[PDB]
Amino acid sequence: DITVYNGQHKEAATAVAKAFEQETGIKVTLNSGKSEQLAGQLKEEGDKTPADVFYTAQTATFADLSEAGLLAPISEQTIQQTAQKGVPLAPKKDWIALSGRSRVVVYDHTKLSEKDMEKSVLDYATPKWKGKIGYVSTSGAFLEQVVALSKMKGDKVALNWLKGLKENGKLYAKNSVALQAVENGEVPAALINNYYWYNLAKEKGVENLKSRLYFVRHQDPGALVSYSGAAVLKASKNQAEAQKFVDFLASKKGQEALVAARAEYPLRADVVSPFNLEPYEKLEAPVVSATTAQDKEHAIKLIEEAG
């Protein structure tokens, strides 16, 4: 049996954990929490951690753990299973990316068309979109979007984008609420994450929704994908079962279990989502460095300056 520190959504974790128990017979105990908090705990615990595996919603939390010498190497065959072009790779082959979540523009297709959409996420924060664009400034993915803009286009562009949304956007408390506002005719478009919409579409049927998705693609900052993954702790005294779990997560069966539970993009090339997501390759996600805690602190500062 293994202990898994779980930073991912409990339905994702529970699903893969139950599918693992059926394929192998090995029990999984989850210890859930925020990815950043669990990473801190793993570092404090060090060589006396009870964790066998860290299953995290954000691969960025691995960087610090890897540099602290706290992660075990993973099989090269296992890493290769999800190593599509664009997918973040551990320089020391000591963690693996497993699935992705995408930024997207949702729009009311009875009021706007794909031809009305913009080639960059930058362009939505302009007077053309007053007040026709929803955004969610408190959302974690929104913060990640700001960090990506700062890294890819520089700080002045990121701040200008935020100031543009202040001037031209409609603020919503949550992504779910922004999606409702679009469906309800309150705002014709919004910046959200993909999974909210794909879940609604699976549940209601796409034909019964006013809204559709527009993906900016071509490695625009607004094509940002955030990655979930896993690592084995070097301190684990159950390496064999911990590695078996991570191997399972990268396997066809492990990926099928994940995509049935959550509308995330599988990173295997041979797995299709029952939510009817596009292949990961078609997203044309940018390549960006891991978000550090320092990156997030800085993005919050920019959100503050913008009002």
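All residue numbers are counted from 1 along the displayed sequence.
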- request: Output the stretch having the higher mean C-alpha B factor in the entry; the candidates are 47-55 and 23-31.
  value: 23-31
- prompt: So 220-228 or 202-210, which one's hotter by mean CA B-factor in the entry?
  reply: 202-210
- line: The residue of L70, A240, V272, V246 with the maximal C-alpha B-factor according to the PDB record is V272
query: Lowest, middle or highest third: where is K85 by Cα B-factor in its chain?
result: middle
query: What third of the chain, by the recorded C-alpha B-factor, contains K115?
result: highest
message: For the chain shown, is the CA B-factor of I2 in the lowest, middle or highest third of its modelled residues?
response: middle
- request: Divide the modelled residues of the chain into thirds by Cα B-factor and specify which third, lowest, middle or highest, holds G131.
  value: highest
- prompt: By the record's CA B-factor, is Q255 among the lowest, middle or highest third of residues in the chain?
  reply: middle
